[PDB]
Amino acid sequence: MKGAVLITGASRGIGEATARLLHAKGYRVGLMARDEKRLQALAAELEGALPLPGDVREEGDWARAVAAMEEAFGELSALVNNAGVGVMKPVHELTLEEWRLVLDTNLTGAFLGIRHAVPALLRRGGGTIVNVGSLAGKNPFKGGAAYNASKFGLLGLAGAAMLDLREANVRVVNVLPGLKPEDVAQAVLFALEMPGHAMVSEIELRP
């Protein structure tokens, strides 16, 4: 009875470390990821976890994932918006398709996560939404136009969302890594157990 937590980009990096940590801590986690091959292996490692291969950009996949969490665990206590991809090229060399891939996955994906998760959290009397910040701090860098745009956008989305859901006992917390994936994973764990009283809205880790 630790709480059902949905995690995007769970097949690798921070997502995987987070998945592994929460599962080893008694959390019943849902693993959302695009890479089916990796997810399949992780689904057998974390027995009990709910493997949910899909596309964070698709609103349909989000409906199915949240519905699946409630059907398998009876509820959704938290969402960890981690999913994040990049395409490092000079701003004027990026194509619309590349721009969209990053923005739709990193930013639109988080928005959809929130939209589809809130209704499920409300039915549980509340919950937590954790967003993973940029893995390169909050300073612009060459070739990062799309990436920075998505990560900065994410903060704006999270800031407004925090104010919106605050009275419905839904805490929006940002975990901003900008070392090791196991580190960020620890930060996410803290955000899920420590707060609760809806006060901490941002945890930052040293570069």
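Residue positions are given as counts along the sequence shown, with the first one as 1.
- Missing deposited residues between residue 178 and residue 179: 10 or more, all without coordinates in the entry.
- Mean CA B-factor, 165-173 versus 149-157: the higher value falls on 165-173.
- Legend: mean Cα B-factor per stretch from the PDB entry, 137-145 versus 37-45; the higher mean is in 137-145.
- Out of 79, 96, 110, 72, it is 72 whose C-alpha atom has the highest B-factor in the PDB entry.
- Annotation for residue 9: C-alpha temperature factor in the lowest third relative to the rest of the modelled chain, per the entry.
- In the deposited entry, the Cα temperature factor of residue 122 sits in the top third of values across the chain's modelled residues.
- In the PDB entry, residue 188 places in the lowest third of its chain by CA B-factor.
- Ranked by C-alpha B-factor against the other modelled residues of its chain, residue 84 falls in the highest third.
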